[PDB]
C-alpha cells in the first residue's frame, strides 16, 4: 500500500490488535463504547500511529493500526490496553468498582498485515542507489 519513511527507514508496519474485556458483556456499550473509540484513536496519535480500523464490540476490541518502526508489537499492545484502562475507569468510576480494577485480561492477539510486492522492493533499491 503506501509507505512512510524517515531517512532512518522506508517502512510500513501494520498490526491488528485484538483483545477482550475481563468480565463478559456488561461493559463496552453506549458512552463507554464511544470514549473507548475516542481514547485509543488519540493514544494511536500520541505515539505517531495511525488508526486504519477500529471496531469496539461488547465482547472485544479490534484495533488495526500503522505504527513507527521503533515500537515492538508487545509494547504497543500493553500501551493501548494500559492507558485505555486508566482513562475509561477515571471517566467511568462506575466501571472501576464492578470490574474491581481489572478492565482487561492480561492477554492479547497481534497479527501483522500487508502483502509485499517484489516491485516496491526494486523501487527502494534503485531509489537507494541514487
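Numbering follows the first chain given and starts at 1.
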Query raised in the report: Given the B-factors recorded for C-alpha atoms, which segment has the greater mean, 83-91 or 66-74?
Result: 83-91
Query raised in the report: Hey, which bit's got the bigger mean C-alpha B factor in the entry, 49-57 or 24-32?
Result: 24-32
Report summary line: By the entry's values, the third containing the CA B factor of residue 115 is the highest
Requested in this report: Taking the chain's C-alpha temperature factors as the reference, tell me which third residue 122 falls into: lowest, middle or highest.
Outcome: highest
Query - Position of residue 41 among the chain's modelled residues by C-alpha B-factor, lowest, middle or highest third - result: lowest
